[PDB]
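Novice: Just dropping this structure here.
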Amino acid sequence: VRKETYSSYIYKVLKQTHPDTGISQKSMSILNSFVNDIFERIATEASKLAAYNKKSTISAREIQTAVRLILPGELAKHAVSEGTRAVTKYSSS
Amino acid sequence: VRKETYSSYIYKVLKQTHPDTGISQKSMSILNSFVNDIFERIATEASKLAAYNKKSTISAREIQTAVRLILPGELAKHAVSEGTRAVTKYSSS
Amino acid sequence: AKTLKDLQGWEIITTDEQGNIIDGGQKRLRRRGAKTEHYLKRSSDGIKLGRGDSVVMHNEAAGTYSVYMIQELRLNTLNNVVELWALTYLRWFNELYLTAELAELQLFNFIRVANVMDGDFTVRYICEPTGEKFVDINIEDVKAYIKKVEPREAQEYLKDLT
Amino acid sequence: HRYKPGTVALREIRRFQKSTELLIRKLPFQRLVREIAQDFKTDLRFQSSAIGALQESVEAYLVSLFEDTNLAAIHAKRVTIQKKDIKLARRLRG
Amino acid sequence: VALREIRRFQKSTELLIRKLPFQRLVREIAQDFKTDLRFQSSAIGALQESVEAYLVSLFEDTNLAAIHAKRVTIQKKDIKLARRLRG
Amino acid sequence: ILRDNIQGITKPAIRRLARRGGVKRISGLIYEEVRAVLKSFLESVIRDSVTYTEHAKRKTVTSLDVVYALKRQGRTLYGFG
Amino acid sequence: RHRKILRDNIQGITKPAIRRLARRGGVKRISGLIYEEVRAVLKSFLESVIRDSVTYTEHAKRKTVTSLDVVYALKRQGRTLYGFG
Amino acid sequence: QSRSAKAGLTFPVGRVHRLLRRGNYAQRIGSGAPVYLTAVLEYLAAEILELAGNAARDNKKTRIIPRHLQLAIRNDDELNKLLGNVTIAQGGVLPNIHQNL
Amino acid sequence: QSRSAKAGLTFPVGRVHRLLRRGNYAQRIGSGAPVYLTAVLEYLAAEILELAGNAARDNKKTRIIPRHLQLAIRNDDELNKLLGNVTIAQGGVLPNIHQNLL
DNA sequence: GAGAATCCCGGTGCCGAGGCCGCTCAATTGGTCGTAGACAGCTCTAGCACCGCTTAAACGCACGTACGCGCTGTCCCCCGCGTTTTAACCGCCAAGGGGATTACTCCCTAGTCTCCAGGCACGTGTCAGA
DNA sequence: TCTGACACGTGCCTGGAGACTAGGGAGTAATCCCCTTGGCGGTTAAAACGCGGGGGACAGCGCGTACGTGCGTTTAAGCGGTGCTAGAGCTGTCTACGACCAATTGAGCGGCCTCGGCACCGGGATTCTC
């Protein structure tokens, strides 16, 4: 009771590209823990970086900086390229 | 302008036991950064630990457990021995 | 350009290997072989800004126009949505010199493409910021090289040339 | 007279190990840092404090790495380090 | 048998340290603080998996050190280095 | 009451762990040392988890505090917290 | 302006500088296959740390890198420095 | 129609927003920050599931197991650096053979 | 008087309380948390300054330069473990020689 | 069979710190509204602990052999000394990139009703393994 | 060719959106400074270059104690079935505790002297190699 997880949406996006394959219960917990840990790391990094510049309003730029520092390699350059795809789809719509 | 530092208090506690030995400004900055880093580590550990048990406030026991976590060895057993003493005569005053 | 307001007249085209597709740009799949490029073209005339071209821009302080040969572009940065690293040309003040220094090119400083080649202008030799050490080397021989490989090996190559 | 190789080395070790002065030259290190940052983007402003902080951090990291490589070499019945020792030290810490 | 065991074990998944000795060892190492301490069933498995990962990493590190040392036999000095080389 | 059980992890277990590690030949002098390694690592982790549990007003050490202690030491574990 | 460029200053950390660094390390002698790779290791470490510091300093609409952000970047990597931040 | 559907992201926006606000991370969290975090998390999940499926297809299996996840995260070198200090449960180890055996 | 003198210490409880409040760390802060944190910080400062003074007395010096501070931060065997991967500016290296070097 | 790499008598520059001044700014008193958890009860649940039926594996014993550290020879190559050389730092000029604080205002939004919504507690029809 | 787990319809209630005030903050556009590159001339602590040399890395060996493979026999293990009770997580109190509202006062960092501790000298001893 009162268990907030990301299982449903991760499973839906699992059938977003390869609906033929499934996922086990144990590996799903591994993925949920990994995504929770990386989200916590990004949030902590963003808050810590914002507190360093006398900033108390966490906006898109702080999260972008935190994630690009956390994400290593050119993959980060790709991931950031996805983020601005959403806000442009959010402000316009 | 408005340069935050702990120089006066560290110097005052230095004269509490070592009235004859001075300290340089370069080393004073080192001690100030050391105090700030230990403080930040304890505070972030206490906040994360409070978030683990759905806690809403940080009490004396929160920081006590945080310093028990961070401080290694018998020194930690001394630190709490110096901590809970003060509160023992802080509330009853 | 800075915000999206200054870059409202441009689009993004993703050339995976040799295609003119959009596909959104790195939609969902990333793996080995990520040498894809993203380029932009204004809608007024329809001229594309590839990786290895050359443009002309005016300086806010100097005032005199200068030719910059674009070497690389990075999309979705912190201060700028697109950041263009180019090589400056040492103006004589019509033969143009070449420098190996990297400079940032802004969107609103671009007015017209300068398709210079070895002999609307002509190049003479590559020079240095010190004012000497000029070698008779053209640009058409290195444009294909910098277009075929990653930018990194491109700057080691151009350093090895000098 | 000329000292045999292996006696000035030891007092050299103490004389650079007891003290803590800056050995890496400040201006070349600043130039290297500026040129490395230029590979990210041009027209960047650097102050003396940041250069000093970077130099101190590099000093500490390289001293730690060299101590680790010396330990690895002396563990292998050896007194000098080669690229294999550096690779072993690097792969086991990051 | 060792040569086949190499990729028999790197392909395997089942745990090696037996659960019952691990439970008793944890009980004895935890009673040194307070008497009658309780542990969850899944906590024991998680801790054993962590111990597995740490020991596998340490043994890979000492294998690298040994093959660097022109030898295939690891000893106590190798693990002492493994502590003293990375911390 | 319960003693002389540190030898629960016996030498064939260390041999199997070494085979998974990627070695072929191991000396017999490393068994006591790896036992001490396990003892020290487990003592540290158990101390951290016990402090977590004591703060949490619990007495049954669950997986959550163990994973949190692992995360605090830079050894984050997935699938259990 | 920016009419200045350095051509391959990777050897800025010179040979006897590496020698003295190793001497502080506590070694007896250094082979010739070190001076060419330690500079590459230093270059990679700088390419990481300076990039992190550049992100820190340009996050806040600034082009002048301070020492506070450098200290914070080293702290994020587990190699924190005291007294400069 | 929903906030997540407006940006076209499968991952939630309200859930992550409330977890940030109740998470004692910041008293003030922006409007574009949650959607940006949702987008980057969705991209990371898509990439890791792509790698897991690629690894699973080579083992002739139609399910995602921790062994496949660890194999995929270890083959990817830039993702390995981020997942350096982690311990995958029931995932085995990455096979590797040196040049001195 | 202030709570700093009430607790019988020399470190500011009010300053750490205010900057904890402004540090975006917790919505609510207990009454005993600032005083306990001040106590532990004062104890750590006293320990490190005492170690630095002891190191200075061995070198026949009065001013504490970072060398003696590094000696203090590394000589103590449980206190050094806390600062496992720290970098001290102008700190130096521990005076020691392994027997396999001479 | 004898040199330096410094020690310590002792004066002064010389940068640096401890009193001395000094004044906006946050610490202190404590109802009040909100708020959150120590008790108070409970409740169900899961592994301690035991018992029992099977069962993979350790404890050495024996032995061939991959292996390891010292021997001995070979070369090798980096360090110390002598000579050349080479640019950092001293001390500034000096304007220029960029920052110490208003401000604002208008839109981002906390709060709060407010209206609605979605996915997990189940679950029986399917599907990787032996 | 037979299974134990995994996945679609399934409701509502805690949560996600819908929407109207007023806190309240930032990139626009402003003062004068806060550090800093470029280079002006010399040089002196190092940086390169040549060369001699001796400690050490490389390579085969056969002694030689040490172990994996082959092999009994227990020995604790691998799982099924319960008796059961300490405890994690469930709602409710209400009374102790946080933020903040007026209002006030000691303080600790901007500036300024007034000393204050160390380096380097003329010039001895100090444990270094053979």
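The way I read the labels, and the way they are meant: chains A, B, ... in the order of the structure tokens, residue 1 as the first residue of every chain, and ligand 1 as the first ligand shown, with later ones counted on from there.
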Pull out every residue of chain K that has at least one atom within 10 Å of chain D, counting only C-alpha atoms (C1' of nucleotides), and report them as a PyMOL selection string.
Specialist: chain K and resi 35-37+53-57+128-130
Novice: Show me, as a tab-separated table (two decimals) with N, CA and C atoms, in the first residue's frame, the residues of chain B whose atoms get within 12 Å of chain A, using only C-alpha atoms for the distance check.
Specialist:
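Produced file selection_32.tsv, reproduced below:
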chain	number	residue	atom	x	y	z
B	40	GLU	N	29.24	20.71	5.92
B	40	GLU	CA	28.42	20.36	4.77
B	40	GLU	C	28.20	18.86	4.69
B	41	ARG	N	29.25	18.07	4.95
B	41	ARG	CA	29.10	16.62	4.91
B	41	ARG	C	28.10	16.14	5.96
B	44	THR	N	24.45	17.33	4.90
B	44	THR	CA	23.85	16.59	3.79
B	44	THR	C	23.57	15.14	4.19
B	45	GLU	N	24.44	14.54	5.01
B	45	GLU	CA	24.16	13.19	5.48
B	45	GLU	C	22.92	13.17	6.36
B	47	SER	N	20.39	15.30	6.25
B	47	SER	CA	19.22	15.54	5.41
B	47	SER	C	18.83	14.28	4.64
B	48	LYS	N	19.81	13.59	4.05
B	48	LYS	CA	19.51	12.36	3.32
B	48	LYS	C	18.97	11.29	4.25
B	51	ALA	N	15.43	12.06	5.04
B	51	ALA	CA	14.60	11.70	3.90
B	51	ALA	C	14.39	10.19	3.79
Novice: Identify, with DSSP run on backbone atoms, the residues in region 20-60 of chain F assigned to alpha helix (DSSP H), and express the list as JSON, numbers by chain.
Specialist: {"F": [20, 21, 30, 31, 32, 33, 34, 35, 36, 37, 38, 39, 40, 41, 42, 43, 44, 45, 46, 47, 48, 49, 50, 51, 52, 53, 54, 55]}
Novice: Chain A vs chain B: Cα RMSD after least-squares superposition over all Cα in order?
Specialist: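 C-alpha RMSD, chain B fitted to chain A: 0.7 Å.
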Novice: Pick out the residues sitting within 6 Å of residue 69 (chain H), and hand them over as a PyMOL selection string; count only C-alpha atoms (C1' of nucleotides), and ignore anything fewer than 3 positions along from it in its own chain.
Specialist: chain H and resi 52+66+72
Novice: Give me, as an mmCIF file with N, CA, C and O atoms, in the first residue's frame, all polymer residues having an atom no more than 8 Å from region 59-73 of chain E, counting only C-alpha atoms (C1' of nucleotides) and skipping those fewer than 2 positions away in the same chain.
Specialist:
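Heads up, here's the output in selection-v1.cif:
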data_model
loop_
_atom_site.group_PDB
_atom_site.id
_atom_site.type_symbol
_atom_site.label_atom_id
_atom_site.label_comp_id
_atom_site.auth_asym_id
_atom_site.auth_seq_id
_atom_site.Cartn_x
_atom_site.Cartn_y
_atom_site.Cartn_z
ATOM 1 N N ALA D 76 57.270 -5.525 -6.984
ATOM 2 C CA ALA D 76 57.688 -6.430 -8.050
ATOM 3 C C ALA D 76 59.200 -6.612 -8.113
ATOM 4 O O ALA D 76 59.739 -6.870 -9.198
ATOM 5 N N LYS D 84 53.866 0.154 -17.641
ATOM 6 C CA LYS D 84 53.002 -0.872 -17.065
ATOM 7 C C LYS D 84 52.614 -0.529 -15.631
ATOM 8 O O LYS D 84 51.463 -0.732 -15.226
ATOM 9 N N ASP D 85 53.562 -0.010 -14.844
ATOM 10 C CA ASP D 85 53.246 0.412 -13.483
ATOM 11 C C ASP D 85 52.222 1.541 -13.477
ATOM 12 O O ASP D 85 51.291 1.543 -12.661
ATOM 13 N N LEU D 88 48.838 0.090 -14.305
ATOM 14 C CA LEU D 88 48.294 -0.636 -13.162
ATOM 15 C C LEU D 88 47.762 0.325 -12.106
ATOM 16 O O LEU D 88 46.696 0.091 -11.524
ATOM 17 N N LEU D 92 43.310 0.917 -11.408
ATOM 18 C CA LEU D 92 42.777 0.467 -10.132
ATOM 19 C C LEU D 92 42.183 1.593 -9.297
ATOM 20 O O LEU D 92 41.694 1.331 -8.192
ATOM 21 N N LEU E 55 34.632 -8.696 -3.395
ATOM 22 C CA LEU E 55 35.685 -9.702 -3.476
ATOM 23 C C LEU E 55 36.050 -10.025 -4.918
ATOM 24 O O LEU E 55 37.226 -10.259 -5.216
ATOM 25 N N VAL E 56 35.070 -10.042 -5.824
ATOM 26 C CA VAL E 56 35.372 -10.264 -7.235
ATOM 27 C C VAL E 56 36.224 -9.127 -7.781
ATOM 28 O O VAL E 56 37.193 -9.357 -8.517
ATOM 29 N N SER E 57 35.883 -7.882 -7.430
ATOM 30 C CA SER E 57 36.698 -6.752 -7.862
ATOM 31 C C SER E 57 38.114 -6.850 -7.305
ATOM 32 O O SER E 57 39.091 -6.616 -8.027
ATOM 33 N N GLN E 75 49.483 -13.817 -3.725
ATOM 34 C CA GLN E 75 49.873 -14.054 -2.343
ATOM 35 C C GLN E 75 49.289 -12.956 -1.462
ATOM 36 O O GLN E 75 48.537 -12.091 -1.923
ATOM 37 N N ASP E 78 50.144 -9.355 -2.398
ATOM 38 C CA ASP E 78 49.355 -8.782 -3.483
ATOM 39 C C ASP E 78 48.101 -8.089 -2.957
ATOM 40 O O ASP E 78 47.780 -6.974 -3.382
ATOM 41 N N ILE E 79 47.386 -8.720 -2.025
ATOM 42 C CA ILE E 79 46.208 -8.071 -1.453
ATOM 43 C C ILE E 79 46.614 -6.894 -0.568
ATOM 44 O O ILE E 79 45.887 -5.892 -0.482
ATOM 45 N N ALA E 82 46.907 -4.272 -2.884
ATOM 46 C CA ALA E 82 45.579 -3.881 -3.352
ATOM 47 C C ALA E 82 44.925 -2.893 -2.395
ATOM 48 O O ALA E 82 44.309 -1.912 -2.827
ATOM 49 N N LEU F 17 35.947 -18.246 -5.882
ATOM 50 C CA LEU F 17 35.936 -16.804 -6.101
ATOM 51 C C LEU F 17 37.130 -16.369 -6.939
ATOM 52 O O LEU F 17 37.011 -15.485 -7.795
ATOM 53 N N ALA F 18 38.295 -16.977 -6.702
ATOM 54 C CA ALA F 18 39.475 -16.674 -7.504
ATOM 55 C C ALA F 18 39.284 -17.102 -8.955
ATOM 56 O O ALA F 18 39.685 -16.385 -9.879
ATOM 57 N N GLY F 21 37.373 -14.639 -10.523
ATOM 58 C CA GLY F 21 38.199 -13.456 -10.713
ATOM 59 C C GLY F 21 38.993 -13.492 -12.004
ATOM 60 O O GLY F 21 39.137 -12.473 -12.683
ATOM 61 N N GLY F 22 39.521 -14.662 -12.360
ATOM 62 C CA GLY F 22 40.249 -14.804 -13.605
ATOM 63 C C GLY F 22 41.674 -15.292 -13.445
ATOM 64 O O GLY F 22 42.524 -15.025 -14.299
ATOM 65 N N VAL F 23 41.952 -16.006 -12.358
ATOM 66 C CA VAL F 23 43.277 -16.543 -12.106
ATOM 67 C C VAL F 23 43.257 -18.048 -12.340
ATOM 68 O O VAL F 23 42.202 -18.679 -12.441
ATOM 69 N N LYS F 24 44.450 -18.633 -12.426
ATOM 70 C CA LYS F 24 44.617 -20.067 -12.626
ATOM 71 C C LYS F 24 45.259 -20.751 -11.425
ATOM 72 O O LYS F 24 44.902 -21.883 -11.088
ATOM 73 N N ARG F 25 46.205 -20.079 -10.772
ATOM 74 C CA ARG F 25 47.006 -20.661 -9.708
ATOM 75 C C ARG F 25 47.061 -19.697 -8.531
ATOM 76 O O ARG F 25 47.393 -18.519 -8.690
ATOM 77 N N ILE F 26 46.731 -20.204 -7.344
ATOM 78 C CA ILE F 26 46.667 -19.396 -6.131
ATOM 79 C C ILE F 26 47.436 -20.097 -5.020
ATOM 80 O O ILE F 26 47.445 -21.331 -4.938
ATOM 81 N N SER F 27 48.090 -19.307 -4.173
ATOM 82 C CA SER F 27 48.790 -19.838 -3.016
ATOM 83 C C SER F 27 47.829 -20.016 -1.843
ATOM 84 O O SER F 27 46.777 -19.375 -1.762
ATOM 85 N N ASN H 100 48.124 -12.270 -20.651
ATOM 86 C CA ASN H 100 49.187 -12.951 -19.922
ATOM 87 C C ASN H 100 48.736 -14.283 -19.336
ATOM 88 O O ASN H 100 49.444 -14.845 -18.492
ATOM 89 N N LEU H 101 47.586 -14.802 -19.755
ATOM 90 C CA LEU H 101 47.091 -16.077 -19.249
ATOM 91 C C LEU H 101 47.429 -17.212 -20.209
ATOM 92 O O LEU H 101 47.916 -18.264 -19.795
#
Novice: Out of C:149, C:144, C:86, C:111, which residue has the shortest atom-to-atom distance to residue 41 (chain D) when counting only C-alpha atoms?
Specialist: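 Looking only at the distances to residue 41 (chain D), the closest residue turns out to be C:86.
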Novice: Near residue 12 (chain I), counting only C-alpha atoms (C1' of nucleotides), which residues have an atom at most 10 Å away, once you skip same-chain residues fewer than 2 positions from it, shown as JSON, numbers by chain?
Specialist: {"B": [6, 9], "I": [2, 3, 4, 5, 9, 10, 14, 15, 16, 17, 34, 35, 38, 42]}
Novice: Skipping near chain neighbours, those fewer than 4 positions away, what residues fall within 10 Å of residue 30 (chain H) using only C-alpha atoms (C1' of nucleotides), listed as a list in words?
Specialist: residues 57, 58, 59, 60, 61, 62 and 63 of chain A; 17, 34 and 35 of chain H; 108 and 109 of chain J
Novice: Output C-alpha atoms (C1' of nucleotides) of each residue in that selection to a file, as a compact mmCIF listing (two decimals), in the first residue's frame.
Specialist:
# COMPACT_ATOMS: atom_id res chain seq x y z
CA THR A 57 15.21 28.65 -7.80
CA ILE A 58 16.04 25.35 -9.50
CA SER A 59 15.22 25.77 -13.20
CA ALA A 60 15.94 23.84 -16.39
CA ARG A 61 19.50 25.17 -16.66
CA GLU A 62 20.53 23.89 -13.21
CA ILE A 63 19.23 20.39 -13.97
CA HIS H 17 7.67 17.18 -9.44
CA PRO H 34 10.77 18.78 -14.22
CA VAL H 35 10.02 18.31 -17.93
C1' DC J 108 6.09 31.81 -11.97
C1' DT J 109 3.64 30.22 -8.67
Novice: Could you make a table, as a Markdown table, of the residues of chain G that have an atom within 8 Å of an atom of chain A, each with its nearest atom pair and distance in Å to one decimal, counting only C-alpha atoms, in chain and number order?
Specialist:
| residue | atom | partner | partner_atom | distance |
| --- | --- | --- | --- | --- |
| G:52 | CA | A:69 | CA | 6.8 |
| G:55 | CA | A:65 | CA | 7.1 |
| G:56 | CA | A:49 | CA | 7.9 |
| G:59 | CA | A:65 | CA | 7.1 |
| G:60 | CA | A:53 | CA | 7.0 |
Novice: Just write the chosen residues, N, CA, C and O atoms, as a CSV table (one decimal), in the first residue's frame.
Specialist:
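For reference, again_33.csv as written:
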chain,number,residue,atom,x,y,z
G,52,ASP,N,34.8,20.6,-16.1
G,52,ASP,CA,33.9,20.8,-15.0
G,52,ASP,C,33.8,22.2,-14.5
G,52,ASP,O,32.8,22.8,-14.2
G,55,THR,N,32.1,24.5,-16.9
G,55,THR,CA,30.6,24.4,-16.7
G,55,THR,C,30.1,25.1,-15.5
G,55,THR,O,29.1,25.8,-15.5
G,56,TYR,N,30.9,25.0,-14.4
G,56,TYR,CA,30.5,25.7,-13.2
G,56,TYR,C,30.5,27.2,-13.4
G,56,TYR,O,29.5,27.9,-13.0
G,59,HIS,N,27.8,28.4,-15.9
G,59,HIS,CA,26.4,28.2,-15.5
G,59,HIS,C,25.8,29.5,-15.0
G,59,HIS,O,24.6,29.8,-15.3
G,60,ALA,N,26.5,30.3,-14.3
G,60,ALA,CA,26.0,31.5,-13.7
G,60,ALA,C,26.2,32.8,-14.5
G,60,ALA,O,26.5,33.9,-13.9
Novice: Contacts between region 25-47 of chain G and region 58-128 of chain J, please, where a residue of region 58-128 of chain J counts if it comes within 10 Å (with only C-alpha atoms (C1' of nucleotides)); show its shortest atom pair and distance in Å to one decimal, rows by chain and ascending number, as CSV.
Specialist:
residue,atom,partner,partner_atom,distance
J:77,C1',G:31,CA,8.6
J:78,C1',G:31,CA,6.9
J:79,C1',G:29,CA,8.1
Novice: Just the selected residues (N, CA and C atoms (P, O5', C5', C4', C3', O3' and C1' of nucleotides)), exported as a PDB file, in the first residue's frame, please.
Specialist:
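Final file, again.pdb:
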ATOM      1  P    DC J  77      68.262   0.368 -23.137  1.00  0.00           P
ATOM      2  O5'  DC J  77      67.431   0.917 -21.887  1.00  0.00           O
ATOM      3  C5'  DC J  77      67.873   0.628 -20.561  1.00  0.00           C
ATOM      4  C4'  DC J  77      68.267   1.902 -19.834  1.00  0.00           C
ATOM      5  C3'  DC J  77      68.232   3.166 -20.688  1.00  0.00           C
ATOM      6  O3'  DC J  77      67.885   4.275 -19.877  1.00  0.00           O
ATOM      7  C1'  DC J  77      70.402   2.856 -19.891  1.00  0.00           C
ATOM      8  P    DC J  78      66.415   4.916 -19.951  1.00  0.00           P
ATOM      9  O5'  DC J  78      66.271   5.679 -18.553  1.00  0.00           O
ATOM     10  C5'  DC J  78      66.337   4.943 -17.336  1.00  0.00           C
ATOM     11  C4'  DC J  78      67.342   5.557 -16.372  1.00  0.00           C
ATOM     12  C3'  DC J  78      67.250   7.071 -16.203  1.00  0.00           C
ATOM     13  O3'  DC J  78      67.518   7.406 -14.852  1.00  0.00           O
ATOM     14  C1'  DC J  78      69.410   6.504 -16.921  1.00  0.00           C
ATOM     15  P    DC J  79      66.983   8.783 -14.225  1.00  0.00           P
ATOM     16  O5'  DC J  79      68.181   9.244 -13.272  1.00  0.00           O
ATOM     17  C5'  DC J  79      68.820   8.291 -12.428  1.00  0.00           C
ATOM     18  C4'  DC J  79      70.249   8.706 -12.118  1.00  0.00           C
ATOM     19  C3'  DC J  79      70.446  10.197 -11.851  1.00  0.00           C
ATOM     20  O3'  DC J  79      71.403  10.379 -10.816  1.00  0.00           O
ATOM     21  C1'  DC J  79      71.835   9.535 -13.621  1.00  0.00           C
TER      22       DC J  79
END
